[PDB]
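Shown next: work.pdb, given as PDB, C-alpha atoms (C1' of nucleotides).
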MODEL        1
ATOM      1  CA  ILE A  13      82.252  47.426 127.400  1.00  0.00           C
ATOM      2  CA  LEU A  14      78.475  47.908 126.953  1.00  0.00           C
ATOM      3  CA  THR A  15      76.086  48.872 124.173  1.00  0.00           C
ATOM      4  CA  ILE A  16      72.937  50.992 124.307  1.00  0.00           C
ATOM      5  CA  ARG A  17      70.536  51.944 121.553  1.00  0.00           C
ATOM      6  CA  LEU A  18      68.869  55.345 121.365  1.00  0.00           C
ATOM      7  CA  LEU A  19      65.808  55.990 119.241  1.00  0.00           C
ATOM      8  CA  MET A  20      65.679  59.342 117.377  1.00  0.00           C
ATOM      9  CA  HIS A  21      63.360  61.364 115.127  1.00  0.00           C
ATOM     10  CA  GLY A  22      64.793  62.633 111.806  1.00  0.00           C
ATOM     11  CA  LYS A  23      65.407  66.246 112.913  1.00  0.00           C
ATOM     12  CA  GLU A  24      66.782  65.046 116.281  1.00  0.00           C
ATOM     13  CA  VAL A  25      69.588  63.168 114.531  1.00  0.00           C
ATOM     14  CA  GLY A  26      70.657  66.113 112.332  1.00  0.00           C
ATOM     15  CA  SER A  27      71.604  67.975 115.521  1.00  0.00           C
ATOM     16  CA  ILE A  28      74.055  65.273 116.653  1.00  0.00           C
ATOM     17  CA  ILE A  29      75.588  65.481 113.165  1.00  0.00           C
ATOM     18  CA  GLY A  30      75.916  69.298 112.988  1.00  0.00           C
ATOM     19  CA  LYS A  31      76.479  70.844 109.559  1.00  0.00           C
ATOM     20  CA  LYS A  32      79.375  68.819 108.060  1.00  0.00           C
ATOM     21  CA  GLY A  33      79.610  66.039 110.651  1.00  0.00           C
ATOM     22  CA  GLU A  34      81.522  67.823 113.418  1.00  0.00           C
ATOM     23  CA  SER A  35      78.936  67.424 116.226  1.00  0.00           C
ATOM     24  CA  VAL A  36      79.431  63.676 116.271  1.00  0.00           C
ATOM     25  CA  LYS A  37      83.131  64.198 115.541  1.00  0.00           C
ATOM     26  CA  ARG A  38      83.327  65.809 118.999  1.00  0.00           C
ATOM     27  CA  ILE A  39      81.066  63.426 120.885  1.00  0.00           C
ATOM     28  CA  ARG A  40      83.107  60.601 119.333  1.00  0.00           C
ATOM     29  CA  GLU A  41      86.610  62.020 119.873  1.00  0.00           C
ATOM     30  CA  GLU A  42      85.557  63.420 123.281  1.00  0.00           C
ATOM     31  CA  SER A  43      83.699  60.575 125.030  1.00  0.00           C
ATOM     32  CA  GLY A  44      85.732  57.605 123.725  1.00  0.00           C
ATOM     33  CA  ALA A  45      82.529  55.832 122.672  1.00  0.00           C
ATOM     34  CA  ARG A  46      81.805  53.936 119.495  1.00  0.00           C
ATOM     35  CA  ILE A  47      78.935  55.940 118.045  1.00  0.00           C
ATOM     36  CA  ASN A  48      76.922  54.822 115.051  1.00  0.00           C
ATOM     37  CA  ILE A  49      73.953  56.479 113.357  1.00  0.00           C
ATOM     38  CA  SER A  50      72.027  54.253 110.909  1.00  0.00           C
ATOM     39  CA  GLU A  51      71.691  56.295 107.697  1.00  0.00           C
ATOM     40  CA  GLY A  52      68.969  56.782 105.091  1.00  0.00           C
ATOM     41  CA  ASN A  53      66.167  59.334 105.442  1.00  0.00           C
ATOM     42  CA  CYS A  54      64.188  57.136 107.810  1.00  0.00           C
ATOM     43  CA  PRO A  55      61.787  58.863 110.271  1.00  0.00           C
ATOM     44  CA  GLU A  56      63.233  56.798 113.148  1.00  0.00           C
ATOM     45  CA  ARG A  57      67.023  56.321 113.420  1.00  0.00           C
ATOM     46  CA  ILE A  58      69.130  54.310 115.834  1.00  0.00           C
ATOM     47  CA  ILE A  59      72.242  55.802 117.424  1.00  0.00           C
ATOM     48  CA  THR A  60      74.173  53.005 119.011  1.00  0.00           C
ATOM     49  CA  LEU A  61      76.496  53.787 121.878  1.00  0.00           C
ATOM     50  CA  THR A  62      79.223  51.297 122.575  1.00  0.00           C
ATOM     51  CA  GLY A  63      82.155  51.174 125.042  1.00  0.00           C
ATOM     52  CA  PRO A  64      82.833  51.222 128.826  1.00  0.00           C
ATOM     53  CA  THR A  65      80.463  52.903 131.325  1.00  0.00           C
ATOM     54  CA  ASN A  66      82.017  56.373 131.578  1.00  0.00           C
ATOM     55  CA  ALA A  67      82.578  56.543 127.817  1.00  0.00           C
ATOM     56  CA  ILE A  68      78.846  55.903 127.374  1.00  0.00           C
ATOM     57  CA  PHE A  69      77.945  58.418 130.083  1.00  0.00           C
ATOM     58  CA  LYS A  70      80.064  61.112 128.435  1.00  0.00           C
ATOM     59  CA  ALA A  71      78.665  60.420 124.979  1.00  0.00           C
ATOM     60  CA  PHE A  72      75.143  60.318 126.466  1.00  0.00           C
ATOM     61  CA  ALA A  73      75.514  63.572 128.410  1.00  0.00           C
ATOM     62  CA  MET A  74      76.809  65.438 125.340  1.00  0.00           C
ATOM     63  CA  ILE A  75      73.953  64.013 123.284  1.00  0.00           C
ATOM     64  CA  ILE A  76      71.489  65.186 125.944  1.00  0.00           C
ATOM     65  CA  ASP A  77      73.169  68.628 126.069  1.00  0.00           C
ATOM     66  CA  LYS A  78      72.952  68.926 122.280  1.00  0.00           C
ATOM     67  CA  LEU A  79      69.220  68.229 122.187  1.00  0.00           C
ATOM     68  CA  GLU A  80      68.703  70.285 125.354  1.00  0.00           C
ATOM     69  CA  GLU A  81      69.746  73.368 123.395  1.00  0.00           C
ATOM     70  CA  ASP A  82      67.145  72.650 120.648  1.00  0.00           C
ATOM     71  CA  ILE A  83      63.771  73.495 122.261  1.00  0.00           C
ATOM     72  CA  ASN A  84      62.476  74.209 119.732  1.00  0.00           C
TER      73      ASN A  84
ATOM     74  CA  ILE B  13     100.286  50.162  80.110  1.00  0.00           C
ATOM     75  CA  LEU B  14      99.190  53.729  80.977  1.00  0.00           C
ATOM     76  CA  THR B  15      99.453  55.629  84.269  1.00  0.00           C
ATOM     77  CA  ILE B  16      96.688  58.086  85.296  1.00  0.00           C
ATOM     78  CA  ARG B  17      96.722  59.835  88.695  1.00  0.00           C
ATOM     79  CA  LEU B  18      93.459  60.874  90.392  1.00  0.00           C
ATOM     80  CA  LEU B  19      93.299  63.607  92.974  1.00  0.00           C
ATOM     81  CA  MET B  20      90.783  62.654  95.662  1.00  0.00           C
ATOM     82  CA  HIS B  21      89.418  64.118  98.918  1.00  0.00           C
ATOM     83  CA  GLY B  22      89.877  62.156 102.160  1.00  0.00           C
ATOM     84  CA  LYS B  23      86.140  61.351 102.338  1.00  0.00           C
ATOM     85  CA  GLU B  24      85.844  60.133  98.749  1.00  0.00           C
ATOM     86  CA  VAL B  25      88.896  57.841  99.004  1.00  0.00           C
ATOM     87  CA  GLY B  26      87.550  56.180 102.164  1.00  0.00           C
ATOM     88  CA  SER B  27      84.517  55.094 100.099  1.00  0.00           C
ATOM     89  CA  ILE B  28      86.710  53.458  97.436  1.00  0.00           C
ATOM     90  CA  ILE B  29      88.280  51.371 100.187  1.00  0.00           C
ATOM     91  CA  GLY B  30      84.815  51.030 101.775  1.00  0.00           C
ATOM     92  CA  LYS B  31      84.743  48.840 104.898  1.00  0.00           C
ATOM     93  CA  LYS B  32      87.428  46.250 105.881  1.00  0.00           C
ATOM     94  CA  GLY B  33      89.019  46.860 102.457  1.00  0.00           C
ATOM     95  CA  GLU B  34      86.686  45.013 100.110  1.00  0.00           C
ATOM     96  CA  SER B  35      85.610  47.929  97.939  1.00  0.00           C
ATOM     97  CA  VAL B  36      89.135  48.146  96.455  1.00  0.00           C
ATOM     98  CA  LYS B  37      89.333  44.341  96.444  1.00  0.00           C
ATOM     99  CA  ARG B  38      86.271  44.412  94.077  1.00  0.00           C
ATOM    100  CA  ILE B  39      87.800  46.988  91.735  1.00  0.00           C
ATOM    101  CA  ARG B  40      91.367  45.612  91.773  1.00  0.00           C
ATOM    102  CA  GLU B  41      90.094  42.179  90.820  1.00  0.00           C
ATOM    103  CA  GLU B  42      87.092  42.926  88.550  1.00  0.00           C
ATOM    104  CA  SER B  43      88.842  45.733  86.584  1.00  0.00           C
ATOM    105  CA  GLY B  44      92.313  44.150  86.332  1.00  0.00           C
ATOM    106  CA  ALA B  45      94.189  47.423  86.850  1.00  0.00           C
ATOM    107  CA  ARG B  46      97.204  48.362  89.007  1.00  0.00           C
ATOM    108  CA  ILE B  47      95.499  50.581  91.601  1.00  0.00           C
ATOM    109  CA  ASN B  48      97.563  52.402  94.243  1.00  0.00           C
ATOM    110  CA  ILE B  49      96.432  54.751  97.026  1.00  0.00           C
ATOM    111  CA  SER B  50      98.697  57.173  98.977  1.00  0.00           C
ATOM    112  CA  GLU B  51      98.531  56.497 102.727  1.00  0.00           C
ATOM    113  CA  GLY B  52      97.653  58.237 105.987  1.00  0.00           C
ATOM    114  CA  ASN B  53      94.960  60.757 106.950  1.00  0.00           C
ATOM    115  CA  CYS B  54      96.086  63.391 104.463  1.00  0.00           C
ATOM    116  CA  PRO B  55      93.135  65.447 103.289  1.00  0.00           C
ATOM    117  CA  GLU B  56      94.412  65.058  99.737  1.00  0.00           C
ATOM    118  CA  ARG B  57      94.997  61.571  98.247  1.00  0.00           C
ATOM    119  CA  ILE B  58      96.234  60.153  94.930  1.00  0.00           C
ATOM    120  CA  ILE B  59      94.858  57.032  93.244  1.00  0.00           C
ATOM    121  CA  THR B  60      97.247  55.890  90.532  1.00  0.00           C
ATOM    122  CA  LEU B  61      95.801  53.589  87.853  1.00  0.00           C
ATOM    123  CA  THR B  62      98.082  51.529  85.594  1.00  0.00           C
ATOM    124  CA  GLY B  63      97.010  49.171  82.776  1.00  0.00           C
ATOM    125  CA  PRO B  64      95.343  49.212  79.345  1.00  0.00           C
ATOM    126  CA  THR B  65      92.642  51.691  78.313  1.00  0.00           C
ATOM    127  CA  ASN B  66      90.225  48.893  79.198  1.00  0.00           C
ATOM    128  CA  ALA B  67      91.376  48.349  82.782  1.00  0.00           C
ATOM    129  CA  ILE B  68      91.852  52.067  83.378  1.00  0.00           C
ATOM    130  CA  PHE B  69      88.352  52.637  82.002  1.00  0.00           C
ATOM    131  CA  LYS B  70      86.918  49.779  84.094  1.00  0.00           C
ATOM    132  CA  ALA B  71      88.528  50.905  87.352  1.00  0.00           C
ATOM    133  CA  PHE B  72      87.462  54.489  86.796  1.00  0.00           C
ATOM    134  CA  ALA B  73      83.841  53.512  86.060  1.00  0.00           C
ATOM    135  CA  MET B  74      83.845  51.373  89.197  1.00  0.00           C
ATOM    136  CA  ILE B  75      85.117  54.295  91.229  1.00  0.00           C
ATOM    137  CA  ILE B  76      82.515  56.721  89.832  1.00  0.00           C
ATOM    138  CA  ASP B  77      79.756  54.290  90.792  1.00  0.00           C
ATOM    139  CA  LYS B  78      80.995  53.995  94.375  1.00  0.00           C
ATOM    140  CA  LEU B  79      81.053  57.811  94.439  1.00  0.00           C
ATOM    141  CA  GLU B  80      77.776  58.379  92.522  1.00  0.00           C
ATOM    142  CA  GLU B  81      75.680  56.619  95.204  1.00  0.00           C
ATOM    143  CA  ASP B  82      76.640  59.139  97.957  1.00  0.00           C
ATOM    144  CA  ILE B  83      74.220  60.944  97.365  1.00  0.00           C
TER     145      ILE B  83
ATOM    146  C1'  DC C   1      72.745  70.334 109.722  1.00  0.00           C
ATOM    147  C1'  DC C   2      74.439  63.309 107.347  1.00  0.00           C
ATOM    148  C1'  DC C   3      79.023  61.607 110.104  1.00  0.00           C
ATOM    149  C1'  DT C   4      83.275  57.605 109.561  1.00  0.00           C
ATOM    150  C1'  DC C   5      84.911  53.180 105.556  1.00  0.00           C
ATOM    151  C1'  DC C   6      92.231  51.892 105.717  1.00  0.00           C
ATOM    152  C1'  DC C   7      93.514  48.993 100.767  1.00  0.00           C
ATOM    153  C1'  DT C   8      98.969  47.341  97.628  1.00  0.00           C
TER     154       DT C   8
ENDMDL
END
Whole structure given in structure tokens:
Amino acid sequence: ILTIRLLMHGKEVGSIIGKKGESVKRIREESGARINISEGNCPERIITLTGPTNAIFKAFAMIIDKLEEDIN
Amino acid sequence: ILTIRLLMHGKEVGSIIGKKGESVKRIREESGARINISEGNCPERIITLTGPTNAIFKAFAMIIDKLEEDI
DNA sequence: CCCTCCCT
């Protein structure tokens, strides 16, 4: 059970929270991680990833994949 | 003693109970109304309010303010 | 693109 913080620009975050909140809703329900995204229109936002190794991995990889398809 | 039912989306209602449970704690205590909330992840939830016009009015106003800020 | 918040 480990935690890892990811830094993220404003626009970056919006992608992980696709219109209506589903994008996270997958990543969450699909990796098994505890995912939190500090709110408030702040230029830099933390996304905390919390859980066992593979859960993190999975959440990470989906996060990566989401941003990967946003260039630009 | 009046009963007034409030239809409420699943998102909204989660804000009234905000966190461990304290948001309702606040309103139950500080408004002095009989507040009930239907249970389970149903999209559509009822909040019954029983009491005097005062308590009903208090509770309601406390709800609106929890809602107003989200936003 | 803003997400969940579990109370008698």
Select from chain A every residue with an atom at most 8 Å from any atom of chain C, then for each give the shortest pair of atoms and their distance in Å to one decimal, using all atoms listed in the file, rows by chain and rising number, as CSV.
residue,atom,partner,partner_atom,distance
A:26,CA,C:1,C1',5.4
A:27,CA,C:1,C1',6.4
A:29,CA,C:3,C1',6.0
A:30,CA,C:1,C1',4.7
A:31,CA,C:1,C1',3.8
A:32,CA,C:1,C1',7.0
A:33,CA,C:3,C1',4.5
A:34,CA,C:3,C1',7.5
A:36,CA,C:3,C1',6.5
A:37,CA,C:3,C1',7.3
A:49,CA,C:3,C1',7.9
A:51,CA,C:2,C1',7.5
Given only C-alpha atoms as the counted atoms, nearest of B:81, B:32, B:25, B:45 to chain A: B:81
Contacts of residue 23 of chain B within 10 Å, all atoms listed in the file, excl. fewer than 3 positions in-chain, as a VMD selection string: (chain B and resid 20 26 to 28 53 55 to 57) or (chain C and resid 4 to 5)
At a cut-off of 12 Å, using all atoms listed in the file, what residues contact segment 67-77 of chain B? Leave out same-chain residues fewer than 4 positions from it and give the result as a short mmCIF file (atom, residue, chain, number, x, y, z; two decimals) with C-alpha atoms, in the frame of the given file.
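New file out-v4.cif:
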data_model
loop_
_atom_site.label_atom_id
_atom_site.label_comp_id
_atom_site.auth_asym_id
_atom_site.auth_seq_id
_atom_site.Cartn_x
_atom_site.Cartn_y
_atom_site.Cartn_z
CA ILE B 13 100.29 50.16 80.11
CA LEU B 14 99.19 53.73 80.98
CA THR B 15 99.45 55.63 84.27
CA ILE B 16 96.69 58.09 85.30
CA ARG B 17 96.72 59.84 88.70
CA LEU B 18 93.46 60.87 90.39
CA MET B 20 90.78 62.65 95.66
CA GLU B 24 85.84 60.13 98.75
CA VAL B 25 88.90 57.84 99.00
CA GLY B 26 87.55 56.18 102.16
CA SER B 27 84.52 55.09 100.10
CA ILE B 28 86.71 53.46 97.44
CA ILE B 29 88.28 51.37 100.19
CA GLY B 30 84.82 51.03 101.78
CA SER B 35 85.61 47.93 97.94
CA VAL B 36 89.14 48.15 96.46
CA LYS B 37 89.33 44.34 96.44
CA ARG B 38 86.27 44.41 94.08
CA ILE B 39 87.80 46.99 91.74
CA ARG B 40 91.37 45.61 91.77
CA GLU B 41 90.09 42.18 90.82
CA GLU B 42 87.09 42.93 88.55
CA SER B 43 88.84 45.73 86.58
CA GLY B 44 92.31 44.15 86.33
CA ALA B 45 94.19 47.42 86.85
CA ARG B 46 97.20 48.36 89.01
CA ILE B 47 95.50 50.58 91.60
CA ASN B 48 97.56 52.40 94.24
CA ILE B 59 94.86 57.03 93.24
CA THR B 60 97.25 55.89 90.53
CA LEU B 61 95.80 53.59 87.85
CA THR B 62 98.08 51.53 85.59
CA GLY B 63 97.01 49.17 82.78
CA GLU B 81 75.68 56.62 95.20
CA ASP B 82 76.64 59.14 97.96
CA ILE B 83 74.22 60.94 97.36
#
Two-atom distance - atom CA of residue 60 of chain A, atom CA of residue 20 of chain A (Å): 10.7 Å
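Look at residue 71 of chain A: the protein and nucleic acid residues within 8 Å of it, using only C-alpha atoms (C1' of nucleotides) and passing over chain neighbours fewer than 2 places away, are residues 39, 40, 42, 43, 44, 45, 61, 67, 68, 69, 73, 74 and 75 of chain A.
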Can you spit out the residues from that selection as an mmCIF file, in the coordinates of the input, using C-alpha atoms?
data_model
loop_
_atom_site.group_PDB
_atom_site.id
_atom_site.type_symbol
_atom_site.label_atom_id
_atom_site.label_comp_id
_atom_site.auth_asym_id
_atom_site.auth_seq_id
_atom_site.Cartn_x
_atom_site.Cartn_y
_atom_site.Cartn_z
ATOM 1 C CA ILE A 39 81.066 63.426 120.885
ATOM 2 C CA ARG A 40 83.107 60.601 119.333
ATOM 3 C CA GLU A 42 85.557 63.420 123.281
ATOM 4 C CA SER A 43 83.699 60.575 125.030
ATOM 5 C CA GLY A 44 85.732 57.605 123.725
ATOM 6 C CA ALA A 45 82.529 55.832 122.672
ATOM 7 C CA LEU A 61 76.496 53.787 121.878
ATOM 8 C CA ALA A 67 82.578 56.543 127.817
ATOM 9 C CA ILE A 68 78.846 55.903 127.374
ATOM 10 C CA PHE A 69 77.945 58.418 130.083
ATOM 11 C CA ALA A 73 75.514 63.572 128.410
ATOM 12 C CA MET A 74 76.809 65.438 125.340
ATOM 13 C CA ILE A 75 73.953 64.013 123.284
#
Who sits within 9 Å of segment 15-17 of chain A, all atoms listed in the file, same chain under 2 positions skipped, as a list in words: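 My list of contacting residues is residues 13, 19, 46, 58, 59, 60, 61, 62, 63, 64 and 68 of chain A.
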Atomic separation - atom CA of residue 21 of chain A relative to atom CA of residue 55 of chain A, Å: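 We find that atom CA of residue 55 of chain A and atom CA of residue 21 of chain A lie 5.7 Å from each other.
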Atom-to-atom span, atom CA of residue 64 of chain B and atom CA of residue 78 of chain B, Å: 21.3 Å
Given 5 Å on each side, where is the centre and what are the edge lengths in Å to one decimal of the axis-aligned box enclosing the listed atoms of segment 66-69 of chain B, as JSON?
{"center_x": 90.1, "center_y": 50.5, "center_z": 81.3, "size_x": 13.5, "size_y": 14.3, "size_z": 14.2}
Missing atoms in segment 48-72 of chain A: fill them in up to N, CA, C and O atoms and send the result as a PDB file, keeping the file's coordinate frame.
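Saved result, rebuild-v2.pdb, follows:
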ATOM      1  N   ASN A  48      77.424  55.072 116.386  1.00  0.00           N
ATOM      2  CA  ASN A  48      76.922  54.822 115.051  1.00  0.00           C
ATOM      3  C   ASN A  48      75.471  55.287 114.870  1.00  0.00           C
ATOM      4  O   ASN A  48      74.605  55.080 115.735  1.00  0.00           O
ATOM      5  N   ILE A  49      75.235  55.910 113.716  1.00  0.00           N
ATOM      6  CA  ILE A  49      73.953  56.479 113.357  1.00  0.00           C
ATOM      7  C   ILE A  49      73.495  55.923 112.014  1.00  0.00           C
ATOM      8  O   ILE A  49      73.910  56.416 110.948  1.00  0.00           O
ATOM      9  N   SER A  50      72.640  54.899 112.079  1.00  0.00           N
ATOM     10  CA  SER A  50      72.027  54.253 110.909  1.00  0.00           C
ATOM     11  C   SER A  50      71.498  55.262 109.896  1.00  0.00           C
ATOM     12  O   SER A  50      70.600  56.034 110.221  1.00  0.00           O
ATOM     13  N   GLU A  51      72.037  55.255 108.677  1.00  0.00           N
ATOM     14  CA  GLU A  51      71.691  56.295 107.697  1.00  0.00           C
ATOM     15  C   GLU A  51      70.396  56.043 106.935  1.00  0.00           C
ATOM     16  O   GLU A  51      69.622  55.156 107.286  1.00  0.00           O
ATOM     17  N   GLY A  52      70.173  56.852 105.901  1.00  0.00           N
ATOM     18  CA  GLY A  52      68.969  56.782 105.091  1.00  0.00           C
ATOM     19  C   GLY A  52      67.859  57.566 105.748  1.00  0.00           C
ATOM     20  O   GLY A  52      67.557  57.351 106.926  1.00  0.00           O
ATOM     21  N   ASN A  53      67.260  58.474 104.976  1.00  0.00           N
ATOM     22  CA  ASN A  53      66.167  59.334 105.442  1.00  0.00           C
ATOM     23  C   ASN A  53      64.953  58.541 105.944  1.00  0.00           C
ATOM     24  O   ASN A  53      63.891  58.482 105.310  1.00  0.00           O
ATOM     25  N   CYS A  54      65.165  57.927 107.102  1.00  0.00           N
ATOM     26  CA  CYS A  54      64.188  57.136 107.810  1.00  0.00           C
ATOM     27  C   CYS A  54      63.691  57.989 108.972  1.00  0.00           C
ATOM     28  O   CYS A  54      64.509  58.608 109.657  1.00  0.00           O
ATOM     29  N   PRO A  55      62.360  58.023 109.210  1.00  0.00           N
ATOM     30  CA  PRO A  55      61.787  58.863 110.271  1.00  0.00           C
ATOM     31  C   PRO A  55      62.364  58.545 111.659  1.00  0.00           C
ATOM     32  O   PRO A  55      62.589  59.453 112.464  1.00  0.00           O
ATOM     33  N   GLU A  56      62.606  57.262 111.914  1.00  0.00           N
ATOM     34  CA  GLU A  56      63.233  56.798 113.148  1.00  0.00           C
ATOM     35  C   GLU A  56      64.641  56.271 112.862  1.00  0.00           C
ATOM     36  O   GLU A  56      64.829  55.479 111.941  1.00  0.00           O
ATOM     37  N   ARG A  57      65.626  56.716 113.639  1.00  0.00           N
ATOM     38  CA  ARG A  57      67.023  56.321 113.420  1.00  0.00           C
ATOM     39  C   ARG A  57      67.644  55.863 114.719  1.00  0.00           C
ATOM     40  O   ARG A  57      67.456  56.484 115.759  1.00  0.00           O
ATOM     41  N   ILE A  58      68.396  54.777 114.662  1.00  0.00           N
ATOM     42  CA  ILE A  58      69.130  54.310 115.834  1.00  0.00           C
ATOM     43  C   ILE A  58      70.496  54.989 115.897  1.00  0.00           C
ATOM     44  O   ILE A  58      71.125  55.238 114.865  1.00  0.00           O
ATOM     45  N   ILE A  59      70.902  55.336 117.116  1.00  0.00           N
ATOM     46  CA  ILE A  59      72.242  55.802 117.424  1.00  0.00           C
ATOM     47  C   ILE A  59      72.682  54.793 118.455  1.00  0.00           C
ATOM     48  O   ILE A  59      72.072  54.677 119.541  1.00  0.00           O
ATOM     49  N   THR A  60      73.719  54.035 118.113  1.00  0.00           N
ATOM     50  CA  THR A  60      74.173  53.005 119.011  1.00  0.00           C
ATOM     51  C   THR A  60      75.356  53.563 119.751  1.00  0.00           C
ATOM     52  O   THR A  60      76.165  54.275 119.166  1.00  0.00           O
ATOM     53  N   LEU A  61      75.411  53.302 121.050  1.00  0.00           N
ATOM     54  CA  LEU A  61      76.496  53.787 121.878  1.00  0.00           C
ATOM     55  C   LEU A  61      77.124  52.571 122.468  1.00  0.00           C
ATOM     56  O   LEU A  61      76.423  51.729 123.056  1.00  0.00           O
ATOM     57  N   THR A  62      78.448  52.502 122.315  1.00  0.00           N
ATOM     58  CA  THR A  62      79.223  51.297 122.575  1.00  0.00           C
ATOM     59  C   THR A  62      80.589  51.632 123.200  1.00  0.00           C
ATOM     60  O   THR A  62      81.329  52.478 122.689  1.00  0.00           O
ATOM     61  N   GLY A  63      80.911  50.954 124.302  1.00  0.00           N
ATOM     62  CA  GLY A  63      82.155  51.174 125.042  1.00  0.00           C
ATOM     63  C   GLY A  63      81.942  50.959 126.533  1.00  0.00           C
ATOM     64  O   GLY A  63      80.891  50.453 126.936  1.00  0.00           O
ATOM     65  N   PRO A  64      82.942  51.325 127.365  1.00  0.00           N
ATOM     66  CA  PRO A  64      82.833  51.222 128.826  1.00  0.00           C
ATOM     67  C   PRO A  64      81.938  52.304 129.434  1.00  0.00           C
ATOM     68  O   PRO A  64      81.683  53.325 128.790  1.00  0.00           O
ATOM     69  N   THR A  65      81.483  52.073 130.666  1.00  0.00           N
ATOM     70  CA  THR A  65      80.463  52.903 131.325  1.00  0.00           C
ATOM     71  C   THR A  65      80.642  54.408 131.120  1.00  0.00           C
ATOM     72  O   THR A  65      79.795  55.069 130.500  1.00  0.00           O
ATOM     73  N   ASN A  66      81.745  54.939 131.648  1.00  0.00           N
ATOM     74  CA  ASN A  66      82.017  56.373 131.578  1.00  0.00           C
ATOM     75  C   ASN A  66      82.011  56.910 130.150  1.00  0.00           C
ATOM     76  O   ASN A  66      81.420  57.956 129.885  1.00  0.00           O
ATOM     77  N   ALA A  67      82.634  56.180 129.230  1.00  0.00           N
ATOM     78  CA  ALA A  67      82.578  56.543 127.817  1.00  0.00           C
ATOM     79  C   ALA A  67      81.133  56.738 127.360  1.00  0.00           C
ATOM     80  O   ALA A  67      80.811  57.740 126.730  1.00  0.00           O
ATOM     81  N   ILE A  68      80.265  55.794 127.704  1.00  0.00           N
ATOM     82  CA  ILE A  68      78.846  55.903 127.374  1.00  0.00           C
ATOM     83  C   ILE A  68      78.246  57.161 127.994  1.00  0.00           C
ATOM     84  O   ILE A  68      77.729  58.026 127.286  1.00  0.00           O
ATOM     85  N   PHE A  69      78.324  57.236 129.323  1.00  0.00           N
ATOM     86  CA  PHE A  69      77.945  58.418 130.083  1.00  0.00           C
ATOM     87  C   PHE A  69      78.281  59.695 129.328  1.00  0.00           C
ATOM     88  O   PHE A  69      77.393  60.472 128.978  1.00  0.00           O
ATOM     89  N   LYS A  70      79.570  59.895 129.070  1.00  0.00           N
ATOM     90  CA  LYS A  70      80.064  61.112 128.435  1.00  0.00           C
ATOM     91  C   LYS A  70      79.369  61.371 127.103  1.00  0.00           C
ATOM     92  O   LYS A  70      78.857  62.465 126.858  1.00  0.00           O
ATOM     93  N   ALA A  71      79.330  60.344 126.263  1.00  0.00           N
ATOM     94  CA  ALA A  71      78.665  60.420 124.979  1.00  0.00           C
ATOM     95  C   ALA A  71      77.193  60.769 125.176  1.00  0.00           C
ATOM     96  O   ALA A  71      76.669  61.650 124.494  1.00  0.00           O
ATOM     97  N   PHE A  72      76.549  60.084 126.126  1.00  0.00           N
ATOM     98  CA  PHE A  72      75.143  60.318 126.466  1.00  0.00           C
ATOM     99  C   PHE A  72      74.897  61.768 126.848  1.00  0.00           C
ATOM    100  O   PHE A  72      74.080  62.450 126.224  1.00  0.00           O
TER     101      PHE A  72
END
